[PDB]
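I have placed the structure first, in the form of structure tokens, so that the comments after it can refer back to it.
We name chains A, B, ... by the order of the sequence lines, and we start the count at 1 in each one.
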Amino acid sequence: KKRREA
Amino acid sequence: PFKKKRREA
Amino acid sequence: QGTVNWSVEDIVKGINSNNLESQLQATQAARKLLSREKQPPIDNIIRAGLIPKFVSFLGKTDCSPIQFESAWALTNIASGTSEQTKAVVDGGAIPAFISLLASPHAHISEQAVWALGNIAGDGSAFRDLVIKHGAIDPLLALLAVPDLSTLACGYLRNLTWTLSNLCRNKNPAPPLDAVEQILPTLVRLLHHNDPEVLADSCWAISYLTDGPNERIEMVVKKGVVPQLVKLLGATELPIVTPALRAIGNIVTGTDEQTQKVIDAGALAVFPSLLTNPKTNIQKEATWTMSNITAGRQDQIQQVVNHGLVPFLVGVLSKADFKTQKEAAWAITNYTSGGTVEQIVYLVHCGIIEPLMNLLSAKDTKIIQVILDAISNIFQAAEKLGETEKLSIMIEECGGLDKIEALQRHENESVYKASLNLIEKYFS
């Protein structure tokens, strides 16, 4: 569910 | 934060 | 009067003389072209063959002035394009600059630090070559004083900036063993009261906590989260920006790493971050909230407790479009992992109307995120026997006119989720 930085 | 920095003037 | 505005050919004539003073004045002349022209002729200098002459001047311990002038000229060439940095590296400059860190002249040791920062700053391969030549030990030795405040301000700013370039870049990340040598000094710079040292320290921590959860653990274990949260509340936007980035990276990790930032009181700063005049701050704060609402139900409850849901409703109503896209993610995660009570609370805060207004966006990723949220809200309506109420709300605000259309949409994921919300609810 978590989203890492571009 | 600018990866590279010139030493200017 | 003397060394102002020479041409490159004159510089070459001087550097090629067998006269150390003539070499000195032509070097100082090169340095003034490279420090005083906007658009310096770095390429002509390189094409003239001068880099390896400057690198040999770094070793003239007998003549500390030409050390400084050549260190300054090489710093500025290395500040250019990667091909320009490479010419400096190929000229043998790394080990020469590393020996100059031992110089008894502060202005020369400072310039060596500045040059190594430009080299390390080029990317992963040069960062890792500087580490391999052994720069870390003598760089950290320059900070081995009881009180950092006895060091000159510009000197300490340059060091911090270079340390941060040794932490930067990610295909690959810096070696673990470098990171472990550097972390204790970085924790110490993070308590130094100078805004530019605090800024670059937080950037360093932000590079180190981007990546896999094992990297985050090694930072979080150093006990820095409470100091980060304190920098998060600063009035200096150049501190707040990397402090927010570092905090945001930490909440991409495990539920236990996420709880450390909750426990340190991060959520109390979010009202100001979520209404910040700088759109980049709003964007990142909303990204960070989206990773917190991807957490456990008890972490969702702390967002609720701190009064933040109205702020997410506010940011979904009226923000720059990339900020709204992040608020959309925050809503989907909240509705996918929240309890039914948390979800009723969301609807009571006014989530439906701005969620529906965003279905007129020309961007397919957001539309899927929003349909996903609708469907999760409906499931909690199912569990409540209130799907009746919910469909009226959506019809009443313009929801249905929008969802209808997305049946006739050029994307499989879109028309399936919607033609199905219709076939199941509208009805």
Side-chain angles (χ1 to χ4, degrees), chain A residues 1-5, chain C residues 179-180 183-184 186-193 198-199 201-236 239-276 281-282 284-312 315 326-327 329-331 333-334 336-339 341-342 345-346:
Chain A
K1 337 131 185 220
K2 304 276 185 134
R3 295 176 305 138
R4 299 270 190 199
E5 168 84 25
Chain C
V179 171
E180 257 317 312
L183 268 167
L186 180 37
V187 177
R188 197 181 169 210
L189 302 162
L190 217 48
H191 292 255
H192 184 67
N193 345 335
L198 289 166
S201 287
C202 289
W203 284 109
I205 294 300
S206 86
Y207 303 144
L208 290 173
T209 61
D210 188 19
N213 298 160
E214 283 86 356
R215 290 314 177 100
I216 298 167
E217 180 67 32
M218 57 187 307
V219 173
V220 165
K221 277 182 181 177
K222 289 299 204 291
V224 306
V225 166
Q227 186 69 356
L228 287 172
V229 173
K230 174 174 157 179
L231 299 168
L232 195 65
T235 59
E236 292 82 18
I239 299 164
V240 174
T241 300
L244 185 53
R245 177 86 51 92
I247 290 306
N249 286 344
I250 300 174
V251 314
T252 66
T254 66
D255 316 320
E256 293 77 15
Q257 284 158 352
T258 304
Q259 195 57 41
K260 291 299 162 182
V261 342
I262 296 160
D263 286 346
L267 296 172
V269 191
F270 276 68
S272 66
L273 302 176
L274 296 172
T275 50
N276 206 103
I281 308 276
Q282 268 183 226
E284 301 261 350
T286 308
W287 170 65
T288 298
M289 293 301 298
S290 79
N291 288 319
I292 301 172
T293 65
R296 308 186 215 115
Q297 300 182 338
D298 47 83
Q299 294 170 338
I300 294 170
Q301 190 55 41
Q302 300 247 44
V303 174
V304 166
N305 292 167
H306 269 99
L308 297 180
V309 159
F311 289 93
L312 286 171
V315 78
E326 308 285 352
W329 278 103
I331 300 317
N333 298 337
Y334 175 118
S336 105
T339 69
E341 274 205 17
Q342 284 170 163
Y345 178 71
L346 181 58

Exercise. Decide side-chain contact (heavy atoms from CB on, under 4.5 Å) for C:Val315 and C:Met289; before the verdict, give the C-alpha distance in whole Å, the side-chain angles of both, and the deciding distance to 0.1 Å.
Key: CA-CA 11 Å; C:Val315 78; C:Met289 293 301 298; over 6 Å; no

Self-check item: CG-CG distance between C:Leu189 and C:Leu198, expressed to the nearest 0.5 angstrom
Solution: 9.0 Å

Practice problem: Write down the atom of C:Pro310, the atom of C:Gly307, and the distance for their closest heavy-atom approach. | Solution: CD-O, 3.4 Å

Quiz item: Heavy atoms, side chains only, cut-off 4.5 Å: are C:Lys222 and C:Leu186 in contact?
Solution: no

Self-check item: Separation of A:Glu5 CD from C:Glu284 CD (nearest 0.5 Å)
Solution: 5.0 Å

Quiz item: Do C:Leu273 and C:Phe311 touch side chain to side chain, with heavy atoms closer than 4.5 Å?
Solution: no

Self-check item: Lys/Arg N to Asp/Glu carboxylate O, C:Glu217 vs C:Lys260, below 4.0 Å
Solution: no

Quiz prompt | Pairwise distance CH2(C:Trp287) to CG(C:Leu244) - rounded to 0.5 angstrom | solution = 8.0 Å

Practice problem: Looking only at non-hydrogen atoms, find the nearest pair between C:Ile300 and C:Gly295 and report the distance. | Solution: CD1-O, 4.2 Å

Self-check item: Side chain to side chain, C:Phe270 and C:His306, heavy atoms closer than 4.5 Å
Solution: no

Practice problem: Could you tell me which non-hydrogen atom of C:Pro226 sits nearest to which non-hydrogen atom of C:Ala264, and how far apart they are? | Solution: CA-CB, 4.0 Å

Quiz item: Between the side chain of C:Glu326 and the main-chain N/O of C:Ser290, is any donor-acceptor distance below 3.5 Å?
Solution: no

Quiz item: What heavy-atom pair brings C:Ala246 and C:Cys202 nearest, and what distance separates the two atoms?
Solution: CB-O, 4.3 Å

Quiz prompt | Any donor-acceptor N or O pair under 3.5 Å, side chains C:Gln227, C:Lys230 | solution = yes

Quiz item: Between the main-chain N or O of C:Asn213 and the side-chain N or O of C:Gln257, is there a donor-acceptor pair closer than 3.5 Å?
Solution: yes

Quiz prompt | Check: C:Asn249 main-chain N/O paired with C:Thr209 side-chain donor or acceptor under 3.5 Å | solution = no

Exercise. List for me each residue that meets salt bridge (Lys or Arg N to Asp or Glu O under 4.0 Å) alongside C:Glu256, sequence neighbours excluded, and say none if there are none.
Key: none

Self-check item: C:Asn305 atom CG, over 12 foreign heavy atoms within 6.0 Å
Solution: yes

Exercise. Could you tell me whether the side chain of C:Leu228 reaches within less than 4.5 Å of the side chain of C:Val261, counting heavy atoms only?
Key: no

Exercise. Measure the CD1-CG distance between C:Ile331 and C:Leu346 for me, rounded to the nearest 0.5 Å.
Key: 5.0 Å

Quiz item: So which pairs with a foot in residues 266-276 of chain C pass side-chain hydrogen bond (donor to acceptor under 3.5 Å, both in side chains), sequence neighbours left out?
Solution: none

Quiz item: With a 4.5 Å limit on heavy-atom distance, are the side chains of C:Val269 and C:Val240 in contact?
Solution: no

Self-check item: Heavy-atom side-chain contact between C:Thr258 and C:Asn291 under 4.5 Å
Solution: no

Exercise. Take C:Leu190 and C:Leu231 through the side-chain contact (heavy atoms from CB on, under 4.5 Å) test and state the conclusion after the steps.
Key: CA-CA 9 Å; C:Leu190 217 48; C:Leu231 299 168; 3.7 Å; yes

Exercise. Indicate yes or no: at least one non-hydrogen side-chain atom of C:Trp329 is less than 4.5 angstrom from one of C:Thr286.
Key: no

Quiz item: If every non-hydrogen atom of C:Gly211 is compared with every non-hydrogen atom of C:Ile216, which pair is closest and at what distance?
Solution: O-CD1, 4.4 Å

Quiz item: Once you round to the nearest 0.5 Å, how far does OG1 of C:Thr254 lie from NZ of A:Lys2?
Solution: 7.0 Å

Quiz item: What's the spacing between C:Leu232 CG and C:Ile239 CD1 if we round to 0.5 Å?
Solution: 11.0 Å

Self-check item: Residues in side chain to side chain donor-acceptor pair (under 3.5 Å) contact with C:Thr252, at least two apart in sequence or another chain
Solution: A:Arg4

Quiz item: Taking side chain as C-beta onward, heavy atoms only, is C:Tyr334 less than 4.5 Å from C:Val309?
Solution: yes

